[PDB]
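In what follows, a structure is listed as structure tokens, so that the remarks can point back to it.
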Amino acid sequence: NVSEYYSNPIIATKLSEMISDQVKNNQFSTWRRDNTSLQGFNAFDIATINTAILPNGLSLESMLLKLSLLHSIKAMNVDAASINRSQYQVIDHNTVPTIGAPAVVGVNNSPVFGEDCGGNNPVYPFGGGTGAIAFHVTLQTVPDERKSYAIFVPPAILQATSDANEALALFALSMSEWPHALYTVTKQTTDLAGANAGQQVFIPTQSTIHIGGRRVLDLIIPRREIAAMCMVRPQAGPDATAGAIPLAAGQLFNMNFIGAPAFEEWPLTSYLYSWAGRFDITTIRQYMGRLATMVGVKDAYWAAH
Amino acid sequence: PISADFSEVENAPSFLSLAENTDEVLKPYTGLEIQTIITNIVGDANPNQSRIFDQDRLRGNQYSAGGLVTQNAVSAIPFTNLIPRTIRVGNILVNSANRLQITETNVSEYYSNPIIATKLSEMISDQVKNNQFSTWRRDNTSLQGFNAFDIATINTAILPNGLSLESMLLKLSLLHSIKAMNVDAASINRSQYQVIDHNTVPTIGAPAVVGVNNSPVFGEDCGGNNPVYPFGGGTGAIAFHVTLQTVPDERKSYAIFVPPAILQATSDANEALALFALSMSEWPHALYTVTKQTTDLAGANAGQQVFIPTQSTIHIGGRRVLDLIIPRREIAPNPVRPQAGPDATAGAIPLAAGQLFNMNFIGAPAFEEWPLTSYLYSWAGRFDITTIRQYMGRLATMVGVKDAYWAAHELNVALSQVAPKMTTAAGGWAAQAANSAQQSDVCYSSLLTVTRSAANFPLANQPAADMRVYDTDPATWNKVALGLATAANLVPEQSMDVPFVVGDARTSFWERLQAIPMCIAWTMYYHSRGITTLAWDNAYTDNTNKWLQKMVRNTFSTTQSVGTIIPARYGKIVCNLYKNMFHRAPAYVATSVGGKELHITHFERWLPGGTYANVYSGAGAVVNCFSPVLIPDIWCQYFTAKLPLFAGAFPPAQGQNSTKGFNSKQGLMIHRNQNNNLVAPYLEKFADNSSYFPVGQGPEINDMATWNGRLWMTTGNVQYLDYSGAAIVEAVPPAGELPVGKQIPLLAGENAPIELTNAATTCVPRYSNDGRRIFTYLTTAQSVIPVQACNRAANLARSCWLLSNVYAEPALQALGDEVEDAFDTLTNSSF
Amino acid sequence: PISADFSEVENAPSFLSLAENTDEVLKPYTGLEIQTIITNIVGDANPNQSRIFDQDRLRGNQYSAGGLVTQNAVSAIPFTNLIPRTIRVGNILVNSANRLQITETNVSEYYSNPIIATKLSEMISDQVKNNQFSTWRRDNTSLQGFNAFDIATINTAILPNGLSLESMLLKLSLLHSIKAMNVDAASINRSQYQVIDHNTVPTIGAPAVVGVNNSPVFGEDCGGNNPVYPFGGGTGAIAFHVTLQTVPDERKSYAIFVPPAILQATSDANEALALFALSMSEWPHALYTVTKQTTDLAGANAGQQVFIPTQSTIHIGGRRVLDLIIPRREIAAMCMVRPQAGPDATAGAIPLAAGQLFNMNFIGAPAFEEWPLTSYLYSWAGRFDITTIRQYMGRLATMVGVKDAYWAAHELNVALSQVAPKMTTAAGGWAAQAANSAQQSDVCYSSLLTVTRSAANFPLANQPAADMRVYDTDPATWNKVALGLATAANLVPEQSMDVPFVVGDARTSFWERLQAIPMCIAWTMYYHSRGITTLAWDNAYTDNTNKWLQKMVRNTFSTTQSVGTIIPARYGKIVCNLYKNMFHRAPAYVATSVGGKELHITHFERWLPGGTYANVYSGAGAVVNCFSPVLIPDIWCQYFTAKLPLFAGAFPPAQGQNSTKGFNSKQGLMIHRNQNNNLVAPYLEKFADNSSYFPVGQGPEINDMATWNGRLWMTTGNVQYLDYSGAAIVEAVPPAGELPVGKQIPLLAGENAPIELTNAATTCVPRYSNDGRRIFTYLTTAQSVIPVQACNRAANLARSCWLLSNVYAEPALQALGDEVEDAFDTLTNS
């Protein structure tokens, strides 16, 4: 049950008080094409975002919870000798698993009682929905009805992971909604004496936790330079790639590995279904390394862990 | 207190000293004061050990005038909120040949405790909003579950009243008192199934079944599964919106914010929308019944009587169309859970109706109205009192519900505990017959006859209002349930600060005992000046005697100052006859004229229109005289700290001296008219110089002489004639007969009251309808011993109770703050 | 107060002592506290309904002259804002054969709280005089988006023409009270649909439907599907231009900047341009109707009457050419780049219904093209909900000061939209006129001043004289205020919780109906102190030879003008002091500088001379203009008043000691007694050359002893209004002792009519004829022996009274006892 924080409120820094007199005293010595200092959004974000007054200063409690739930899902895919065999035997006690091949963390592979929540046309497990992502460089490009809910992606997140596009997908997964899909852990097991070698399908308990309440993502990407117009496509974009190979889509088929116009919507689940074999715990480890360098993540994670 | 000797009849307080103003802060009357006398429970709480089923009446020894002691003689507790719509006539059950007793309030908004915008409301205006005036930005500063354009249309022009959580908290205080009849069988009395239908024995065993819309006579199944409102044929309409943009264009101001604090993951969480929609809309939505297995006197014909409680017949609300705005999770833009509504399910009852619910519709789309009598009929078997208690504790965390629920609760007790009138008899224990108007004719605790319905149900007539109560407006509720305004009566609390009556099984027992001091205070109000029952009925506009019009004019609440209620004059006389006589203050609400804040109790908010507490004879005939007498005296004497002198126990015969009177040493004189045969008591000095009251004079309050008048009509052969011994217009009882209490069925080893012991002797008639003075007379031969008892030279043999006076101090725990529990002595610094 | 005995009549203040200047705080008199004086009332037959639909009338017991109590007798609440365009005539609905009543205001400049140039205007004042042009083509203002070139056009202006929001917020409050009939059927009285059409009951259930241009007869479908203005042949023009360099190059001086706060006010953000086009341009743009399902008196003929509210017939504005300028989204004829300066411009929801230049393009906003203005307001004419107006007023309060500027504007529509039918001469109680007649819908203000009825057909060719003076709102000061170039003293912004609570409530139409009653009591006590009979008021400009009667009209109404400033009227401050000294509440005002002195002005002081006043009709329909102007009966003056003057006091009950007496020569008065013609007059004041003719330049003295004594003889029953010598006057006399009595509405269950001079208007004693001649009230010598002995305090008189809150029915045999008589009274605070 999510709730606001209100507890450690926002203190306006030296920069917000700097361009506070460039609006109240009406010092408009600005132009159309001028970005911020080296990060690349726009200089017009002062008249939209520095204008806000909110005592609504929050913590990283829910993004870093569901960023720690993903961690413990894909920590069964490390080695067979680093996870207990009792863990595969607590509920199914007529079973021994097998050292050798590790466990395989799949997504939307559970056989019965539904649970292939769009097995090849992915939907949310906790409601009929698919969501929407639109990667827009600026606020003046959005569906003009959700400007108040636009999320700036700072360049430090785009500098976190070496791929630099697994880190948008770790930022779309952490800001939106948990779960986006219903993860499974398939492991080769055998019976009590060893006769019937098979592979059980497990579902981790941390892929059945409803946390989030945001399905409409409108992420805004920095510009490379100071300078619907899909000819000039890096107007505000390095890239936006939909997953590796795991395409597996239905309505609005999603296997365009590059697609980033000015403003179009995608199925959100599919974009997280496509980046669903790529969230290795070492990738999450270096994604947390650059989070710690811009915000304080030490005490905020041990509470969330 | 009852009298040990005549020296404490004589040294009893007066009426004028006991109706004076009091500056003490007194504890509330919890109902435990009568309890710790008439039951085995003196100390503390008892779950199911204490059989309250059998402990339902006043018990004690009695002493007759002939010198005999009666061992276990009982007087009934004379108040119940249950009208028997199935009557046991001739040991078998038949339908009632009687209409249902209905009340009606006078809901209107008055100037309550003033209200002020908080720092959150000044934060929304100053910041955010004001700062959108330079940035060309239409962003959303959403507060907890609503749009910024929903808060922005409510952080606006505020009405200068302040809200009173009174109507919704009387509806919550009222359905609680209905739904607390099905708690057990040994927690509810059997006398209160026997107050009107006295030929009836309910059973330990099967509990009461609180049903809804299943009464067998005169309609009253107001749509048994196609439900309408009982007052006005109509079904209402409810709609669960997520924005104000969906409320079509018509209503939009009537739209009520459901706050997200009453719906949390702590309960069913969707029943609380039905308690919210039931508090905010209309009472009654349906006509609740209480069906219990009963048996006759010897015990052969075990059947099930249908009762209808009195608080399901109280017409309160006027909001039939609800548009409820629902919190949308955290933060989301505008759109079967379209915009993240948590829930809106129909109920548990299948309800084949005009919109045809199947069993339980889960539906919160955009507009898509339901009926409201249907939506509340489905949540009519689920409102158990524990859920109502935790809903009250979730209300108390955001607004101040401690004192307002107790004011609304004794408002419930004021207009729900309802008592049958009287029957005139010589001895003790008379009742009425079966299938007759007189058994079912019934009165308030304010000595005021309850109106019954005129035609068949659902009603188009809408009778006259009985009481001025306030109400929550929706427009101020939308901003005080949201942090945008606050007052002094709305400061939030904890769920520990919910009153002790809420969610307890012992409400049907306690609420009928809280109504007894109300009728003691009104009974002592109406008996200090004896204006019979005819000079109360047609007294509002009589062109004779301007004094009487001033009495009935002032008693009722018909004045105003600025847009708020001025409470009644002479209802503060009743309130001071409550605080002085009981040492316990009744619960007030706040009303402000401007700056000055003053207090109005159920003692000051009644309305004119309606007859008073009549008395019947043995054959059912009306005996409109005496004074508006209801419950028998010993209730208006024993359970009392300081009973004024004219009402007093005739003391027991101890030595040679038993009962005396008041003579010309106290300033009195014998009337002694034209004929030599009949003489009157020692009345005032003014009684021989009047014969008819002047047009601005009335009966002077003399308790030497009112005592001395009931001292003569206790003799058993009096006539109530005139200054000259002529008859009066008023109906006289057939012999020396007095109004006597209701007879209930007895138990083993348990007796009936003997002779003027369960009677009401205090009602001395002193003012006829014509403005002429009424004199109580005796023959010259049969008045020598009363006159010499007044002169202290003889004695009068009168009957009495052999009880003693204790009257303990208040407890102030009442089973509602048992914070001694070991797991919060250690969580005590954190409160 | 209602008099319980005659000792409360004698102990009443005079007219002079109740009309001095007072200097107290005196909170405004809201209808939220006038609703309880009419609800919490004394009576035992009162059913005490809780809904507003039934709590309209004045219910109460009445005690006759012969000593009989009438149980639940009602007086009509006589103020509606609904002209019935479809009358229930002959038990069925016919349309009305009567014209529509029109009003007109007279706009003027403010000049009073002038503009102070802010920190921003003085900032770029040196960027023009020192010629610091470090500017470019594409640079907008700070975050609001007009242009930086607006300094060389709008900051250049020098004007001392700093105005107030008096006229935009008046016609924004007129729209509010129109669409406040569409809330619920149980939140508007049924008497409001019955004040003029008394053969009607409306129906709870479906509410009223606020339509536009739906009235059937006498034109009034002012372009029913091709909308035009009702007060002139016109349609207007709107062009939404982003900049001044885009306009028709001939109206740059009249361009209106729409600041972004208005575009952030309403959630639609385009209902708020239409609330800003409606408030800045012209009232009315169209002729609103209110259609409600009604039924006849017993219930047989269910129909739907068409009403037109009185606040949709007020000509306020004088601007038909709107050229609104919209902010830009970014720093950057060119309809390809269409958001060059525009979020949007949408023409209405669905209501298209257009003719020449068909208007149902829901999006159209080029660089500069003109639209039909009426059509753009005809299209946004089902969308102005009172909750939308409520949040539109919330953001207005956050940029300019709207608290005191709205209570002044809300009080001066009640002054001229709550409109009441005149009277009817009758003997007993409860007379009305007819079914279709010109005298039934004859109808008056609260100022005792007949509303101008239209003579032509809509759209009106000849535009009549104006009624009340108002201020205006110009673009030239609004543009500098909306941009931070201008702050005035009456424009300090505030919070949304400081908006007047009338805005957005369902109870406004019931409250405005009640706020009009203490206005008409103040004007009623003004016009009755000197009895200046209705032809003397009417013909004071037509034909007058008296220097006094022309002085009385010249002063009372706001005639004087210095330069562009509403000068407050003399003798309308007397009316304003008869509201403060009499209700202990002050009416809302504005600030106004006349000669450098700061003075306040109320709607009592803003009226204009001319017009017929409130006369009385007979039972047969003839004009009975021989009284002073009456419009409401006595009980509304007497039950609603804290301190009431002597001459208008309630008659105490009949059969009591100290009942009803008069004032003789012990109080300085003199009797006239023209007994040769068996015709004697009261104890009136001494003459001093006022005997037959008044002096040229003098009129009747304020005497309350003698005006009480004159209405004490008008109530006897056969009254003659003749002369000093006993000859007839030029004025129209009622047929008998037939005082003007209140309008009769249909009764309910267990509810009575008034009995005998209980719903009457007694106070209007004629004293000054049109001839400059004194009018005497006469009875016959035989039938005046008992009033003369009542004046000599040797008898009492028997008059009917209301039994309300201290007034008790007196027994016939007064068999009094001792004094004191305090039973439970000393036990209370006595």
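Residue numbering restarts at 1 in every chain; chains get A, B, ... in the order shown in the structure tokens, and ligands count up from 1 in that same order.
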
task: List the neighbours of residue 104 in chain B out to 9 Å using only C-alpha atoms; skip same-chain residues closer than 5 positions along the sequence, and give me the result as a list in words.
output: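 What passes the distance filter is residues 313, 314, 315, 316, 462, 463, 464, 465, 466 and 467 of chain B.
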
**Request:** Show me which bits of chain A are within 8 Å of chain B, counting only C-alpha atoms, as an MDAnalysis selection string.
**Result:** chainID A and resid 2:4 47:48 51:54 145:149 213:214

Emit the selected residues as an mmCIF file, in the first residue's frame, including C-alpha atoms.
```
data_model
loop_
_atom_site.group_PDB
_atom_site.id
_atom_site.type_symbol
_atom_site.label_atom_id
_atom_site.label_comp_id
_atom_site.auth_asym_id
_atom_site.auth_seq_id
_atom_site.Cartn_x
_atom_site.Cartn_y
_atom_site.Cartn_z
ATOM 1 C CA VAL A 2 1.985 2.968 -1.296
ATOM 2 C CA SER A 3 1.907 6.372 0.378
ATOM 3 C CA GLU A 4 3.675 9.707 0.160
ATOM 4 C CA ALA A 47 9.757 27.514 -16.529
ATOM 5 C CA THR A 48 8.186 24.051 -16.037
ATOM 6 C CA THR A 51 8.531 26.578 -10.998
ATOM 7 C CA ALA A 52 7.136 23.827 -8.740
ATOM 8 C CA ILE A 53 6.806 24.555 -5.046
ATOM 9 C CA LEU A 54 6.080 21.067 -3.526
ATOM 10 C CA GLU A 145 -2.091 15.629 -20.695
ATOM 11 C CA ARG A 146 0.623 13.954 -18.613
ATOM 12 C CA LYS A 147 3.274 16.672 -18.347
ATOM 13 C CA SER A 148 2.869 16.558 -14.574
ATOM 14 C CA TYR A 149 3.997 12.914 -14.570
ATOM 15 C CA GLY A 213 0.732 2.195 -9.286
ATOM 16 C CA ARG A 214 2.114 3.810 -12.446
#
```

Starting from chain C, keep only residues with some atom at most 9 Å from an atom of chain A, counting only C-alpha atoms, and report them as an mmCIF file with N, CA and C atoms, in the first residue's frame.
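Final output, saved to out.cif:
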```
data_model
loop_
_atom_site.group_PDB
_atom_site.id
_atom_site.type_symbol
_atom_site.label_atom_id
_atom_site.label_comp_id
_atom_site.auth_asym_id
_atom_site.auth_seq_id
_atom_site.Cartn_x
_atom_site.Cartn_y
_atom_site.Cartn_z
ATOM 1 N N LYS C 119 8.021 46.679 -9.959
ATOM 2 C CA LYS C 119 9.458 46.509 -10.120
ATOM 3 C C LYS C 119 9.837 46.083 -11.530
ATOM 4 N N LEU C 120 8.919 45.458 -12.268
ATOM 5 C CA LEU C 120 9.231 45.001 -13.616
ATOM 6 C C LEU C 120 9.117 46.123 -14.638
ATOM 7 N N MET C 123 11.897 48.195 -14.319
ATOM 8 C CA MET C 123 13.081 47.497 -14.801
ATOM 9 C C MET C 123 13.357 47.649 -16.288
ATOM 10 N N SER C 134 19.210 44.869 -26.266
ATOM 11 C CA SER C 134 19.944 43.608 -26.276
ATOM 12 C C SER C 134 18.938 42.473 -26.456
ATOM 13 N N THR C 135 17.877 42.753 -27.213
ATOM 14 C CA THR C 135 16.758 41.837 -27.368
ATOM 15 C C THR C 135 16.772 41.206 -28.755
ATOM 16 N N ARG C 138 12.739 36.312 -31.316
ATOM 17 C CA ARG C 138 12.068 35.270 -30.554
ATOM 18 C C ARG C 138 12.653 35.200 -29.147
ATOM 19 N N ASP C 139 12.072 35.995 -28.257
ATOM 20 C CA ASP C 139 12.245 35.847 -26.819
ATOM 21 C C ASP C 139 10.907 36.172 -26.161
ATOM 22 N N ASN C 140 10.377 35.221 -25.403
ATOM 23 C CA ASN C 140 9.117 35.439 -24.712
ATOM 24 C C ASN C 140 9.397 36.023 -23.331
ATOM 25 N N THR C 141 8.334 36.313 -22.585
ATOM 26 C CA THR C 141 8.489 36.659 -21.183
ATOM 27 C C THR C 141 8.799 35.404 -20.372
ATOM 28 N N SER C 142 9.055 35.615 -19.070
ATOM 29 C CA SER C 142 9.769 34.721 -18.151
ATOM 30 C C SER C 142 9.373 33.252 -18.234
ATOM 31 N N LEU C 143 8.121 32.936 -17.924
ATOM 32 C CA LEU C 143 7.593 31.620 -18.254
ATOM 33 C C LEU C 143 6.235 31.762 -18.924
ATOM 34 N N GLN C 144 5.519 32.850 -18.633
ATOM 35 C CA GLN C 144 4.345 33.172 -19.425
ATOM 36 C C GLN C 144 4.786 33.668 -20.799
ATOM 37 N N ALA C 148 8.461 39.578 -25.911
ATOM 38 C CA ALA C 148 9.195 40.608 -25.192
ATOM 39 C C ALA C 148 8.943 41.963 -25.831
ATOM 40 N N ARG C 329 3.601 28.344 -26.130
ATOM 41 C CA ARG C 329 4.099 27.183 -25.407
ATOM 42 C C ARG C 329 5.612 27.184 -25.257
ATOM 43 N N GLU C 330 6.330 27.710 -26.243
ATOM 44 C CA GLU C 330 7.783 27.669 -26.286
ATOM 45 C C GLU C 330 8.313 29.072 -26.534
ATOM 46 N N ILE C 331 9.640 29.185 -26.587
ATOM 47 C CA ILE C 331 10.272 30.463 -26.896
ATOM 48 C C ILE C 331 10.094 30.838 -28.365
ATOM 49 N N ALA C 332 10.050 29.850 -29.251
ATOM 50 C CA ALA C 332 9.780 30.091 -30.662
ATOM 51 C C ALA C 332 8.338 30.522 -30.879
#
```

query = Which residues of chain B are close to chain C, meaning at most 6 Å apart when you count only C-alpha atoms, and how do they look as a PyMOL selection string?
reply = chain B and resi 106-107+125+130+133-136+138+149+153+155-159+250-251+464-465+543-544+558-560+562-563+608-609+694-695

Only N, CA and C atoms, please: the residues just picked out, written as a short mmCIF file (atom, residue, chain, number, x, y, z; two decimals), in the first residue's frame.
```
data_model
loop_
_atom_site.label_atom_id
_atom_site.label_comp_id
_atom_site.auth_asym_id
_atom_site.auth_seq_id
_atom_site.Cartn_x
_atom_site.Cartn_y
_atom_site.Cartn_z
N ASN B 106 -35.96 17.68 12.14
CA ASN B 106 -36.02 18.96 11.44
C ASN B 106 -34.62 19.37 11.02
N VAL B 107 -33.95 18.49 10.28
CA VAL B 107 -32.60 18.66 9.75
C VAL B 107 -32.41 19.99 9.02
N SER B 125 -2.83 27.15 -2.10
CA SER B 125 -3.09 28.45 -2.70
C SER B 125 -1.82 29.26 -2.95
N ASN B 130 -0.62 29.47 -7.16
CA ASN B 130 -0.16 30.82 -7.43
C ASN B 130 1.08 30.79 -8.32
N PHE B 133 0.94 30.72 -12.25
CA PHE B 133 0.54 31.95 -12.91
C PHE B 133 1.68 32.62 -13.65
N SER B 134 2.88 32.05 -13.60
CA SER B 134 4.03 32.59 -14.31
C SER B 134 4.72 31.58 -15.21
N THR B 135 4.47 30.29 -15.04
CA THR B 135 5.27 29.27 -15.71
C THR B 135 4.58 28.62 -16.89
N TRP B 136 3.34 29.03 -17.22
CA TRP B 136 2.56 28.49 -18.35
C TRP B 136 2.32 26.98 -18.20
N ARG B 138 0.42 23.61 -16.41
CA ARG B 138 -0.82 23.12 -15.83
C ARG B 138 -0.61 21.78 -15.13
N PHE B 149 -7.21 19.41 -9.95
CA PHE B 149 -8.41 20.13 -10.32
C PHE B 149 -9.64 19.64 -9.56
N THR B 153 -10.99 23.00 -6.85
CA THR B 153 -12.38 23.41 -6.80
C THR B 153 -13.00 23.25 -5.42
N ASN B 155 -10.67 23.86 -2.45
CA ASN B 155 -9.93 24.89 -1.72
C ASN B 155 -10.38 26.26 -2.22
N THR B 156 -11.63 26.59 -1.91
CA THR B 156 -12.36 27.72 -2.47
C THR B 156 -13.17 28.35 -1.34
N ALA B 157 -14.21 29.10 -1.73
CA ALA B 157 -15.06 29.84 -0.81
C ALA B 157 -15.72 28.94 0.21
N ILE B 158 -15.45 29.20 1.49
CA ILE B 158 -15.86 28.36 2.59
C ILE B 158 -17.06 28.99 3.30
N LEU B 159 -18.06 28.16 3.65
CA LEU B 159 -19.25 28.68 4.31
C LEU B 159 -18.94 29.02 5.76
N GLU B 250 -25.02 18.51 -13.48
CA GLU B 250 -26.16 18.97 -12.70
C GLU B 250 -25.81 19.08 -11.23
N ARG B 251 -25.16 18.06 -10.67
CA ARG B 251 -25.08 18.03 -9.23
C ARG B 251 -23.80 18.68 -8.72
N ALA B 464 -45.61 16.21 11.02
CA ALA B 464 -44.90 17.35 11.57
C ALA B 464 -43.63 16.91 12.29
N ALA B 465 -42.63 17.79 12.27
CA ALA B 465 -41.33 17.48 12.84
C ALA B 465 -41.39 17.52 14.36
N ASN B 543 -56.91 31.79 23.70
CA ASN B 543 -56.99 33.21 24.00
C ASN B 543 -57.29 33.49 25.47
N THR B 544 -57.64 32.48 26.25
CA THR B 544 -57.70 32.63 27.69
C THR B 544 -56.33 32.34 28.29
N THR B 558 -38.46 27.35 19.11
CA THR B 558 -39.04 28.10 18.00
C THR B 558 -38.42 29.48 17.85
N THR B 559 -37.19 29.66 18.33
CA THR B 559 -36.53 30.96 18.28
C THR B 559 -35.22 30.84 17.53
N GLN B 560 -34.71 32.00 17.10
CA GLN B 560 -33.45 32.09 16.38
C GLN B 560 -32.79 33.42 16.73
N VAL B 562 -29.32 34.53 14.69
CA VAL B 562 -28.51 35.03 13.60
C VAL B 562 -28.52 34.10 12.39
N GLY B 563 -29.14 32.94 12.50
CA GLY B 563 -29.01 31.91 11.50
C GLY B 563 -28.67 30.61 12.20
N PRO B 608 -43.08 22.08 18.69
CA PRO B 608 -44.51 21.98 18.99
C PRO B 608 -45.24 21.07 18.01
N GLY B 609 -46.50 20.82 18.33
CA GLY B 609 -47.31 19.95 17.51
C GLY B 609 -47.24 18.53 18.02
N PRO B 694 -56.13 34.48 37.11
CA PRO B 694 -56.01 35.67 36.25
C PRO B 694 -55.27 35.34 34.97
N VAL B 695 -55.42 36.23 33.99
CA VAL B 695 -54.94 35.94 32.63
C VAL B 695 -53.43 36.01 32.49
#
```

May I ask for the distance between CA of residue 765 in chain C and CA of residue 521 in chain C, given in Å to one decimal place?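 So the answer is 15.8 Å.
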
From a DSSP calculation on the backbone, collect every residue of range 604-751 of chain C in helix (DSSP H, G or I) and output the set as a PyMOL selection string.
chain C and resi 604-605+634-639+665-667+675-677+704-714

Please provide as a PDB file with N, CA and C atoms, in the first residue's frame all residues within 9 Å of residue 195 in chain C, with the sequence filter that same-chain residues fewer than 5 positions apart are discarded (counting only C-alpha atoms).
```pdb
ATOM      1  N   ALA C  76     -46.910  35.515   1.313  1.00  0.00           N
ATOM      2  CA  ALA C  76     -46.043  35.173   0.198  1.00  0.00           C
ATOM      3  C   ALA C  76     -44.709  35.884   0.320  1.00  0.00           C
ATOM      4  N   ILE C  77     -43.641  35.195  -0.067  1.00  0.00           N
ATOM      5  CA  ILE C  77     -42.327  35.826  -0.156  1.00  0.00           C
ATOM      6  C   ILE C  77     -42.212  36.471  -1.531  1.00  0.00           C
ATOM      7  N   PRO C  78     -42.276  37.776  -1.599  1.00  0.00           N
ATOM      8  CA  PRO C  78     -42.597  38.420  -2.872  1.00  0.00           C
ATOM      9  C   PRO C  78     -41.395  38.880  -3.674  1.00  0.00           C
ATOM     10  N   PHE C  79     -40.440  38.023  -4.017  1.00  0.00           N
ATOM     11  CA  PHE C  79     -39.300  38.466  -4.824  1.00  0.00           C
ATOM     12  C   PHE C  79     -38.836  37.285  -5.663  1.00  0.00           C
ATOM     13  N   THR C  80     -39.013  37.376  -6.970  1.00  0.00           N
ATOM     14  CA  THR C  80     -38.529  36.342  -7.864  1.00  0.00           C
ATOM     15  C   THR C  80     -37.532  36.931  -8.846  1.00  0.00           C
ATOM     16  N   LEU C  82     -37.705  35.459 -12.186  1.00  0.00           N
ATOM     17  CA  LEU C  82     -38.187  34.565 -13.236  1.00  0.00           C
ATOM     18  C   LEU C  82     -39.439  35.170 -13.854  1.00  0.00           C
ATOM     19  N   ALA C 420     -40.217  42.224  -8.342  1.00  0.00           N
ATOM     20  CA  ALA C 420     -41.407  41.893  -7.578  1.00  0.00           C
ATOM     21  C   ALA C 420     -42.667  42.567  -8.101  1.00  0.00           C
ATOM     22  N   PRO C 421     -43.791  41.849  -8.171  1.00  0.00           N
ATOM     23  CA  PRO C 421     -45.026  42.440  -8.686  1.00  0.00           C
ATOM     24  C   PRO C 421     -45.601  43.408  -7.671  1.00  0.00           C
ATOM     25  N   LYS C 743     -49.581  39.627  -2.604  1.00  0.00           N
ATOM     26  CA  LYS C 743     -49.865  38.716  -3.707  1.00  0.00           C
ATOM     27  C   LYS C 743     -50.205  37.330  -3.182  1.00  0.00           C
ATOM     28  N   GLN C 744     -51.218  36.701  -3.773  1.00  0.00           N
ATOM     29  CA  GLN C 744     -51.712  35.425  -3.281  1.00  0.00           C
ATOM     30  C   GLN C 744     -51.128  34.284  -4.102  1.00  0.00           C
ATOM     31  N   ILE C 745     -50.484  33.354  -3.413  1.00  0.00           N
ATOM     32  CA  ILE C 745     -49.872  32.167  -3.998  1.00  0.00           C
ATOM     33  C   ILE C 745     -50.735  30.981  -3.583  1.00  0.00           C
TER      34      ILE C 745
END
```

Problem set entry | Selection near residue 306 in chain C, 8 Å with only C-alpha atoms, sequence-local residues under 4 positions removed, as a PyMOL selection string | chain C and resi 84-86+215+289-292

Compile the contact shell of range 233-237 of chain A as a PyMOL selection string: residues with an atom at most 12 Å away, counting only C-alpha atoms, same-chain residues fewer than 3 positions apart removed. chain A and resi 33+35+39-42+135-139+141+153+155+158+164-165+219-230+240-241+258-263

Next item on the list: Quick one: everything within 9 Å of residue 792 in chain C, counting only C-alpha atoms, minus sequence neighbours fewer than 2 positions away in the same chain. Send it as a list in words.
Entry: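 What passes the distance filter is residues 661, 662, 663, 664, 665, 666, 787, 788, 789, 790, 794 and 795 of chain C.
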